[PDB]
Amino acid sequence: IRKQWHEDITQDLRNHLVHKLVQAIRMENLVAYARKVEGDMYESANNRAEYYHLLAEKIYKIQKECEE
């Protein structure tokens, strides 16, 4: 389902952020995983700032379990 704020974000931006996510992780599987991750926050978020936070907060918690 499409929300109002989704109009702000282009597919070129989504593809850019998905591939920033793949960098934070045959290659098709990992990219498929990131599209699933990014897609979930895209639909779940209520605005762009929250959308960017869900991203930011996800790389932060990806880069913490790997630390320990």
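Residues 567-591, 604-646, in that order, are what chain A shows, numbered as in Swiss-Prot.
Technique stated in the header: X-ray crystallography, 2.9 Å.
Every residue, even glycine, has its Cβ placed from backbone N, Cα and C.
Screening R580, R626 against Swiss-Prot annotations picks out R580 (annotated as asymmetric dimethylarginine). Separation of the C-alpha atoms of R580 (asymmetric dimethylarginine) and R604 (asymmetric dimethylarginine): 21 Å, rounded to the nearest whole number. Cβ neighbour count for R604 (asymmetric dimethylarginine): 4 (other Cβ atoms within 10 Å of its Cβ, all protein chains included).
Distance between Cα atoms for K636 (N6-acetyllysine) and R604 (asymmetric dimethylarginine): 23 Å, as a whole number.
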